[PDB]
């Protein structure tokens, strides 16, 4: 495997960079874009979360099936790119305006667009670039690394211009979409090893898919709902609130750089240890961050606990693909990824963010993070025995 003169490592490494630059404007700062610029209810954000969740649930199963049926022809990435070129006009001239007139129909329009391009589109891109990673002899983690930077780079640009011009970032995101098209243009890309839908749906009957989904629902989904309200919990440690955000801003921007660095070596790390132990290590880092937040009391301790995310992501993202390709027929890589790690997480996410949200109000943040911390730690150790692989003690 080579990287410097690997044309497609750069075309798709960059593709990760600019794609996640685009989504960086949308996702990490979505709550402030809604409440601060469009003056939207929090009554209504639950309607937006529901719309995206509902259309994501529909898109992600088909994205996986089409991803495998298409294999590497990359016809769907051409489609996603075309929709991201409207990133700016959609947010500025469609989503915002429509939601202020009537929120419910802005949520269907936004639920469809965002559920397509990001909630399902990002896993679909990752799944495709992983296939390319096997053909063009470069590790998937080394190309995904780029996305961490593009995500961080965009987080920096929006913080600087928040005071100046809020629309600038969205227009750049559209420009990034045309960068993606150019890269997609120049990226280079009777058989019963090919994808067949009939046998794709018999994946449900196998039990290692169920226990993989159990890990996703029990660990990854619990962790993702913990991170949804962690931003406000982070700033509550700061008396100033303006420095609470700016410290938050600094940790996300430069923390993502550490994420990329850990992910540079994560393929080599994960190749020697199991793909299973990569997930259990990821689940272990997940659980420690959650539980640690309930006992945290200090501004420093949560800067640490927010930096822990950067250690977890590389072993969960690189590890999950190593686990899927190792223990399932790799013609079903994308199907397995977008059904187990996306659809089931997104389905569980609906029910456990109401259970998470309802505990924040009954008991404290600390008590709430203690509960989820044990659900995540419990299902992480259940899967020390349940997932299929070497295991932790093989290394002693």
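Numbering follows the first chain given and starts at 1.
Peer 1: For the stretch from residue 229 to residue 230, please bin the deposited residues that the model skips: none, 1 to 3, 4 to 9, or 10 or more.
Peer 2: Unresolved stretch here: none.
Peer 1: If you average the CA temperature factors over each stretch, which comes out higher, 76 to 84 or 199 to 207?
Peer 2: In the deposited entry, the stretch with the higher C-alpha B-factor mean is 199 to 207.
Peer 1: So 162 to 170 or 121 to 129, which one's hotter by mean CA B-factor in the entry?
Peer 2: Result: 162 to 170.
Peer 1: Go through 261, 326, 236, 193 one by one and give the residue whose Cα B-factor in the PDB entry is largest.
Peer 2: Highest CA B-factor of the listed options: 193.
Peer 1: Between 41, 346, 333, 366, which carries the biggest CA temperature factor in the record?
Peer 2: Highest CA B-factor of the listed options: 41.
Peer 1: Ranked by Cα temperature factor within the chain, is residue 63 in the lowest third, the middle third or the highest third?
Peer 2: Middle third of the chain for residue 63's C-alpha B-factor.
Peer 1: Considering only modelled residues of the same chain, in which third does the CA B-factor of residue 385 rank: lowest, middle or highest?
Peer 2: Its C-alpha B-factor belongs to the highest third of this chain's values.
Peer 1: Divide the modelled residues of the chain into thirds by Cα B-factor and specify which third, lowest, middle or highest, holds residue 141.
Peer 2: Middle third by C-alpha B-factor.
Peer 1: Pull the Cα B-factor of residue 32 out of the PDB entry and bin it into the chain's lowest, middle or highest third.
Peer 2: Tercile = highest for this residue's CA B-factor.
Peer 1: Split the chain's modelled residues into thirds by Cα B-factor; is residue 26 in the lowest, middle or highest one?
Peer 2: Bottom third by C-alpha B-factor.
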